[PDB]
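S.K.: One file: data.txt (compact mmCIF, C-alpha atoms).
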# COMPACT_ATOMS: atom_id res chain seq x y z
CA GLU A 1 29.35 1.21 -3.10
CA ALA A 2 31.22 -1.64 -4.84
CA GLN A 3 31.84 -2.48 -8.49
CA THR A 4 32.40 -5.84 -10.15
CA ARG A 5 33.24 -6.99 -13.67
CA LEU A 6 31.24 -9.82 -15.22
CA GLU B 1 -6.60 -9.08 -6.52
CA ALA B 2 -9.66 -7.54 -4.86
CA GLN B 3 -11.70 -4.43 -5.63
CA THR B 4 -13.60 -1.93 -3.52
CA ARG B 5 -16.03 0.82 -4.42
CA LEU B 6 -15.32 4.02 -2.49
CA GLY C 582 10.75 -2.79 -24.78
CA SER C 583 8.53 -0.10 -23.28
CA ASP C 584 8.89 3.54 -22.41
CA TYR C 585 7.16 4.59 -19.18
CA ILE C 586 6.07 8.17 -18.43
CA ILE C 587 5.97 8.55 -14.66
CA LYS C 588 4.16 11.39 -12.92
CA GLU C 589 3.55 11.86 -9.19
CA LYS C 590 1.12 14.07 -7.29
CA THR C 591 -1.07 14.45 -4.23
CA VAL C 592 -4.81 15.04 -4.37
CA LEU C 593 -7.33 16.21 -1.80
CA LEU C 594 -10.74 14.58 -1.84
CA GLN C 595 -13.72 15.72 0.18
CA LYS C 596 -17.20 14.29 -0.21
CA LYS C 597 -20.61 14.74 1.39
CA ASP C 598 -21.38 12.20 4.09
CA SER C 599 -24.07 10.94 1.70
CA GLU C 600 -21.78 10.12 -1.22
CA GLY C 601 -18.78 8.08 -2.27
CA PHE C 602 -15.37 9.36 -3.37
CA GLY C 603 -16.22 7.95 -6.76
CA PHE C 604 -13.58 5.31 -7.48
CA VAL C 605 -12.86 1.60 -7.32
CA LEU C 606 -9.65 0.60 -5.57
CA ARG C 607 -7.89 -2.50 -6.87
CA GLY C 608 -4.91 -4.52 -5.74
CA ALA C 609 -3.45 -7.56 -3.99
CA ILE C 615 0.28 -11.97 1.38
CA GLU C 616 3.88 -12.59 0.32
CA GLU C 617 6.57 -10.43 -1.31
CA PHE C 618 6.26 -7.29 -3.44
CA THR C 619 8.91 -4.85 -4.59
CA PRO C 620 8.21 -1.74 -6.75
CA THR C 621 9.03 -2.03 -10.43
CA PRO C 622 8.70 0.79 -12.99
CA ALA C 623 5.43 -0.56 -14.42
CA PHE C 624 3.95 -1.42 -11.00
CA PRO C 625 5.14 1.00 -8.30
CA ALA C 626 2.53 -0.02 -5.70
CA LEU C 627 0.07 -2.70 -4.62
CA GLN C 628 -3.19 -0.77 -5.00
CA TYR C 629 -4.36 1.44 -7.84
CA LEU C 630 -7.51 2.93 -9.28
CA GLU C 631 -9.40 0.20 -11.10
CA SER C 632 -11.79 2.91 -12.28
CA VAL C 633 -12.81 6.50 -11.55
CA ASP C 634 -16.38 7.78 -11.86
CA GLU C 635 -16.67 10.10 -14.86
CA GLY C 636 -17.91 13.00 -12.74
CA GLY C 637 -17.58 12.25 -9.04
CA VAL C 638 -15.29 13.61 -6.33
CA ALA C 639 -12.27 11.52 -7.36
CA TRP C 640 -12.58 12.45 -11.04
CA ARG C 641 -13.03 16.13 -10.23
CA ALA C 642 -9.98 16.05 -7.97
CA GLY C 643 -7.93 14.87 -10.94
CA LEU C 644 -7.58 11.17 -10.21
CA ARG C 645 -7.81 8.79 -13.17
CA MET C 646 -7.88 5.04 -13.66
CA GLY C 647 -4.53 3.30 -13.37
CA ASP C 648 -3.21 5.77 -10.79
CA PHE C 649 -1.21 3.83 -8.21
CA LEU C 650 -1.72 4.76 -4.53
CA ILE C 651 1.50 5.67 -2.77
CA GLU C 652 0.21 7.48 0.27
CA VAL C 653 -3.17 7.55 2.01
CA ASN C 654 -3.57 10.44 4.47
CA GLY C 655 0.17 10.76 5.08
CA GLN C 656 0.53 6.99 5.29
CA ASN C 657 2.68 5.12 2.78
CA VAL C 658 0.64 2.29 1.31
CA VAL C 659 3.12 1.22 -1.37
CA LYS C 660 3.35 -2.29 0.06
CA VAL C 661 0.09 -2.47 1.99
CA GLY C 662 -2.58 -5.11 1.41
CA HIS C 663 -5.96 -4.16 -0.09
CA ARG C 664 -7.98 -4.72 3.10
CA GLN C 665 -5.87 -2.47 5.27
CA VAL C 666 -5.52 0.18 2.59
CA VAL C 667 -9.30 0.34 2.35
CA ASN C 668 -9.55 0.72 6.12
CA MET C 669 -7.14 3.67 6.04
CA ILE C 670 -9.19 5.45 3.43
CA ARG C 671 -12.21 5.02 5.69
CA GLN C 672 -10.43 6.29 8.78
CA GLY C 673 -10.20 9.73 7.18
CA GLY C 674 -13.91 9.80 6.31
CA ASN C 675 -15.19 12.43 3.86
CA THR C 676 -11.66 13.81 3.44
CA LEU C 677 -8.88 11.96 1.65
CA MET C 678 -5.38 13.11 0.78
CA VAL C 679 -3.83 10.55 -1.54
CA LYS C 680 -0.43 10.69 -3.15
CA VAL C 681 -0.47 8.81 -6.44
CA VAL C 682 1.84 7.95 -9.28
CA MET C 683 0.56 7.89 -12.82
CA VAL C 684 2.29 5.40 -15.08
CA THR C 685 1.72 5.51 -18.84
CA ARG C 686 3.26 2.85 -21.09
CA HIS C 687 4.38 3.61 -24.63
CA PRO C 688 6.00 1.05 -26.96
CA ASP C 689 9.73 1.53 -27.48
CA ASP D 584 8.08 14.43 -16.17
CA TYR D 585 10.14 11.21 -15.83
CA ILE D 586 10.77 8.77 -18.68
CA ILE D 587 11.99 5.25 -17.94
CA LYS D 588 13.07 2.91 -20.73
CA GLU D 589 12.70 -0.79 -19.97
CA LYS D 590 13.55 -4.10 -21.64
CA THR D 591 14.42 -7.69 -20.85
CA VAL D 592 17.36 -9.20 -22.64
CA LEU D 593 19.10 -12.54 -22.89
CA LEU D 594 22.89 -12.79 -22.72
CA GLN D 595 24.75 -15.91 -23.75
CA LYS D 596 28.51 -15.96 -23.38
CA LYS D 597 31.24 -18.53 -23.93
CA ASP D 598 32.94 -20.25 -20.98
CA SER D 599 36.22 -18.43 -21.51
CA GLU D 600 34.83 -14.90 -21.72
CA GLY D 601 32.59 -12.74 -19.56
CA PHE D 602 29.38 -10.87 -20.35
CA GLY D 603 31.38 -7.65 -20.61
CA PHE D 604 30.12 -5.14 -18.05
CA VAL D 605 30.95 -3.66 -14.69
CA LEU D 606 28.20 -3.81 -12.11
CA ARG D 607 28.18 -1.18 -9.37
CA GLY D 608 25.64 -0.89 -6.58
CA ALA D 609 25.37 -1.54 -2.85
CA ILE D 615 22.85 1.67 3.48
CA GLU D 616 20.08 -0.89 4.05
CA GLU D 617 16.49 0.25 3.49
CA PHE D 618 16.27 1.22 -0.17
CA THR D 619 13.17 3.00 -1.48
CA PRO D 620 13.09 2.96 -5.31
CA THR D 621 12.64 6.30 -7.04
CA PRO D 622 12.21 7.04 -10.74
CA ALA D 623 15.65 8.64 -10.95
CA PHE D 624 17.08 5.93 -8.70
CA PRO D 625 15.07 2.76 -9.55
CA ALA D 626 17.39 0.03 -8.22
CA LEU D 627 20.56 -0.68 -6.25
CA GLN D 628 22.73 -2.26 -8.95
CA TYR D 629 23.36 -0.57 -12.28
CA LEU D 630 25.81 -0.82 -15.15
CA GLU D 631 28.75 1.49 -14.53
CA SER D 632 30.39 0.35 -17.76
CA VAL D 633 29.74 -1.92 -20.73
CA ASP D 634 32.57 -3.08 -23.05
CA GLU D 635 31.64 -2.02 -26.59
CA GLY D 636 31.03 -4.97 -28.90
CA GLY D 637 31.00 -7.34 -25.92
CA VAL D 638 28.32 -9.91 -25.14
CA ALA D 639 26.40 -7.47 -22.97
CA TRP D 640 26.95 -4.68 -25.46
CA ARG D 641 25.76 -6.68 -28.46
CA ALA D 642 22.66 -7.76 -26.53
CA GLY D 643 21.73 -4.10 -26.09
CA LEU D 644 22.96 -3.29 -22.59
CA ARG D 645 24.40 0.17 -21.90
CA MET D 646 25.95 2.36 -19.17
CA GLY D 647 23.39 3.58 -16.68
CA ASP D 648 21.17 0.51 -16.99
CA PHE D 649 19.61 -0.33 -13.65
CA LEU D 650 18.99 -4.00 -12.98
CA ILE D 651 15.37 -4.80 -12.17
CA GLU D 652 15.36 -8.60 -12.51
CA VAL D 653 18.16 -11.14 -12.90
CA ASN D 654 17.18 -14.51 -14.31
CA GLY D 655 13.60 -13.75 -13.31
CA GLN D 656 14.36 -12.70 -9.75
CA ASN D 657 13.63 -9.14 -8.74
CA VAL D 658 16.82 -7.44 -7.52
CA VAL D 659 15.58 -3.87 -7.19
CA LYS D 660 16.42 -3.96 -3.49
CA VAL D 661 19.14 -6.61 -3.49
CA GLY D 662 22.70 -6.10 -2.28
CA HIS D 663 25.63 -6.01 -4.69
CA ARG D 664 27.18 -9.26 -3.46
CA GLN D 665 23.90 -11.15 -3.64
CA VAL D 666 23.15 -9.89 -7.17
CA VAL D 667 26.68 -10.67 -8.37
CA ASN D 668 26.23 -14.16 -6.99
CA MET D 669 22.92 -14.60 -8.80
CA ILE D 670 24.57 -13.58 -12.06
CA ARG D 671 27.38 -16.03 -11.37
CA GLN D 672 24.76 -18.72 -10.75
CA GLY D 673 23.34 -18.56 -14.28
CA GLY D 674 26.66 -19.66 -15.73
CA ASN D 675 26.99 -18.59 -19.36
CA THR D 676 23.52 -17.18 -19.68
CA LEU D 677 21.92 -14.15 -18.10
CA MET D 678 18.38 -13.00 -18.65
CA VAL D 679 18.10 -9.51 -17.30
CA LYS D 680 15.36 -6.90 -17.16
CA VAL D 681 16.79 -3.37 -17.03
CA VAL D 682 15.72 0.22 -17.08
CA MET D 683 17.38 3.36 -18.33
CA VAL D 684 16.13 6.56 -16.73
CA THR D 685 16.13 8.97 -19.65
CA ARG D 686 14.29 11.89 -17.99
Show me this structure written as structure tokens.
M.R.:
Amino acid sequence: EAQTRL
Amino acid sequence: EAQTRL
Amino acid sequence: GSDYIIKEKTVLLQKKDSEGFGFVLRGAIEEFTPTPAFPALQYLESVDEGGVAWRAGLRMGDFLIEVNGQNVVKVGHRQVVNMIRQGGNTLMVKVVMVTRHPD
Amino acid sequence: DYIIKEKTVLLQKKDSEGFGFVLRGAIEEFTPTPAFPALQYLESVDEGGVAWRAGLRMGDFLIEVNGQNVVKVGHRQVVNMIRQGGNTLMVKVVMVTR
């Protein structure tokens, strides 16, 4: 997977 | 959309 | 928003050569992707109050996921209809029943 | 035997800040399931943040971003779409509450 903050 | 009696 | 009750199941239909399964298939070429409210392209527009379909447990609104072991989630109306005919008199359909409640 | 809670919400943030959430997602061929409706979901939502105040919560799966269906979209592509909207994000999400 891969997370990202927005 | 289409319809069909069956 | 909306709260959706999702139920899945497979049903076996078998009619006399002189009768219909007892339902109207409805549905959509471009791009389709399953959403919670609309999990497939074809569904039961209506189901005859006392025919094969109805007696097998199918109801209006049921979306068709599989026709005789064949996934029809993204299949056009024409072809889906042809598949149902290929199995003549016997039909094993996997369907998903979606019921919408206000949230 | 599977309850899915859906809603479409509008987020409007200020240039300086962010919407306030961490998006985690993504194999190749994805086949949506009630328990696993989409690829990208909200791993975390900052309490009291833009996203939080709009009604977004942990576990929310993203169905549509700015009107585009993203059920089967890759993480990078979805992130990019969110970037694209600038300071606004209209998002349709679902919470599997089975």
S.K.: Once you count all atoms listed in the file, what closest atom pair and distance in Å to one decimal does each residue of chain D within 8 Å of chain A have, with rows by chain and rising residue number, as a tab-separated table?
M.R.:
residue	atom	partner	partner_atom	distance
D:601	CA	A:6	CA	5.4
D:602	CA	A:6	CA	5.6
D:603	CA	A:6	CA	5.8
D:604	CA	A:6	CA	5.6
D:605	CA	A:5	CA	4.2
D:606	CA	A:4	CA	5.1
D:607	CA	A:3	CA	4.0
D:608	CA	A:1	CA	5.5
D:609	CA	A:1	CA	4.8
D:631	CA	A:3	CA	7.9
D:663	CA	A:2	CA	7.1
D:667	CA	A:4	CA	7.7
S.K.: Okay, now the selection with C-alpha atoms, as a compact mmCIF listing (two decimals), in the frame of the given file?
M.R.:
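again-v5.txt was written with the following content:
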# COMPACT_ATOMS: atom_id res chain seq x y z
CA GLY D 601 32.59 -12.74 -19.56
CA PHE D 602 29.38 -10.87 -20.35
CA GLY D 603 31.38 -7.65 -20.61
CA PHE D 604 30.12 -5.14 -18.05
CA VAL D 605 30.95 -3.66 -14.69
CA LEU D 606 28.20 -3.81 -12.11
CA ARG D 607 28.18 -1.18 -9.37
CA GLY D 608 25.64 -0.89 -6.58
CA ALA D 609 25.37 -1.54 -2.85
CA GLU D 631 28.75 1.49 -14.53
CA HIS D 663 25.63 -6.01 -4.69
CA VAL D 667 26.68 -10.67 -8.37
S.K.: Using all atoms listed in the file, which chain C residues lie at most 8 Å away from chain B, written as a ChimeraX atom specification?
M.R.: /C:601-609,631,663,667
S.K.: From the list D:658, D:678, D:684, D:633, which residue is nearest chain A when using only C-alpha atoms?
M.R.: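 Of all the options, D:633 lies closest to chain A.
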S.K.: Please identify every residue of chain D that has at least one atom no farther than 12 Å from an atom of chain C, counting all atoms listed in the file, and for each give the shortest atom pair and the distance in Å to one decimal, arranged by chain then increasing number, as JSON lines.
M.R.:
{"residue": "D:584", "atom": "CA", "partner": "C:588", "partner_atom": "CA", "distance": 5.9}
{"residue": "D:585", "atom": "CA", "partner": "C:587", "partner_atom": "CA", "distance": 5.1}
{"residue": "D:586", "atom": "CA", "partner": "C:586", "partner_atom": "CA", "distance": 4.7}
{"residue": "D:587", "atom": "CA", "partner": "C:585", "partner_atom": "CA", "distance": 5.0}
{"residue": "D:588", "atom": "CA", "partner": "C:584", "partner_atom": "CA", "distance": 4.5}
{"residue": "D:589", "atom": "CA", "partner": "C:583", "partner_atom": "CA", "distance": 5.4}
{"residue": "D:590", "atom": "CA", "partner": "C:582", "partner_atom": "CA", "distance": 4.4}
{"residue": "D:591", "atom": "CA", "partner": "C:582", "partner_atom": "CA", "distance": 7.3}
{"residue": "D:592", "atom": "CA", "partner": "C:582", "partner_atom": "CA", "distance": 9.5}
{"residue": "D:618", "atom": "CA", "partner": "C:619", "partner_atom": "CA", "distance": 10.5}
{"residue": "D:619", "atom": "CA", "partner": "C:620", "partner_atom": "CA", "distance": 8.7}
{"residue": "D:620", "atom": "CA", "partner": "C:620", "partner_atom": "CA", "distance": 6.9}
{"residue": "D:621", "atom": "CA", "partner": "C:622", "partner_atom": "CA", "distance": 9.0}
{"residue": "D:622", "atom": "CA", "partner": "C:622", "partner_atom": "CA", "distance": 7.5}
{"residue": "D:623", "atom": "CA", "partner": "C:587", "partner_atom": "CA", "distance": 10.4}
{"residue": "D:624", "atom": "CA", "partner": "C:622", "partner_atom": "CA", "distance": 10.7}
{"residue": "D:625", "atom": "CA", "partner": "C:622", "partner_atom": "CA", "distance": 7.5}
{"residue": "D:626", "atom": "CA", "partner": "C:621", "partner_atom": "CA", "distance": 8.9}
{"residue": "D:643", "atom": "CA", "partner": "C:582", "partner_atom": "CA", "distance": 11.1}
{"residue": "D:649", "atom": "CA", "partner": "C:622", "partner_atom": "CA", "distance": 11.0}
{"residue": "D:650", "atom": "CA", "partner": "C:621", "partner_atom": "CA", "distance": 10.5}
{"residue": "D:651", "atom": "CA", "partner": "C:621", "partner_atom": "CA", "distance": 7.1}
{"residue": "D:652", "atom": "CA", "partner": "C:621", "partner_atom": "CA", "distance": 9.4}
{"residue": "D:656", "atom": "CA", "partner": "C:619", "partner_atom": "CA", "distance": 10.9}
{"residue": "D:657", "atom": "CA", "partner": "C:619", "partner_atom": "CA", "distance": 7.6}
{"residue": "D:658", "atom": "CA", "partner": "C:619", "partner_atom": "CA", "distance": 8.8}
{"residue": "D:659", "atom": "CA", "partner": "C:619", "partner_atom": "CA", "distance": 7.2}
{"residue": "D:660", "atom": "CA", "partner": "C:619", "partner_atom": "CA", "distance": 7.6}
{"residue": "D:661", "atom": "CA", "partner": "C:619", "partner_atom": "CA", "distance": 10.4}
{"residue": "D:680", "atom": "CA", "partner": "C:582", "partner_atom": "CA", "distance": 9.8}
{"residue": "D:681", "atom": "CA", "partner": "C:582", "partner_atom": "CA", "distance": 9.8}
{"residue": "D:682", "atom": "CA", "partner": "C:622", "partner_atom": "CA", "distance": 8.1}
{"residue": "D:683", "atom": "CA", "partner": "C:584", "partner_atom": "CA", "distance": 9.4}
{"residue": "D:684", "atom": "CA", "partner": "C:585", "partner_atom": "CA", "distance": 9.5}
{"residue": "D:685", "atom": "CA", "partner": "C:584", "partner_atom": "CA", "distance": 9.5}
{"residue": "D:686", "atom": "CA", "partner": "C:586", "partner_atom": "CA", "distance": 9.0}
S.K.: Between atom CA of residue 617 of chain C and atom CA of residue 680 of chain C, measure the distance and give it in Å to one decimal.
M.R.: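 Atom CA of residue 617 of chain C sits 22.3 Å away from atom CA of residue 680 of chain C.
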S.K.: Show which residues sit within 9 Å of residue 596 of chain D, as a tab-separated table (two decimals) with C-alpha atoms, keeping the file's coordinate frame. Count only C-alpha atoms, and ignore same-chain residues fewer than 6 positions away.
M.R.:
chain	number	residue	atom	x	y	z
D	602	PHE	CA	29.38	-10.87	-20.35
D	638	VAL	CA	28.32	-9.91	-25.14
D	639	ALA	CA	26.40	-7.47	-22.97
D	674	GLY	CA	26.66	-19.66	-15.73
D	675	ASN	CA	26.99	-18.59	-19.36
D	676	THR	CA	23.52	-17.18	-19.68
D	677	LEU	CA	21.92	-14.15	-18.10
S.K.: Between atom CA of residue 646 of chain C and atom CA of residue 674 of chain C, what distance in Å does the model show, to one decimal?
M.R.: 21.4 Å
S.K.: What is the distance between atom CA of residue 593 of chain C and atom CA of residue 678 of chain C, in Å to one decimal?
M.R.: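 Value for the atom CA of residue 593 of chain C-atom CA of residue 678 of chain C distance: 4.5 Å.
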S.K.: Can you tell me which residues surround residue 652 of chain C at a distance of at most 7 Å, considering all atoms listed in the file, apart from same-chain residues fewer than 5 positions away, and format the answer as a PyMOL selection string?
M.R.: chain C and resi 657-658+679-681
S.K.: My list of candidates is D:655, D:642, D:671, D:665. Which is closest to chain A when distances are computed with only C-alpha atoms?
M.R.: D:671
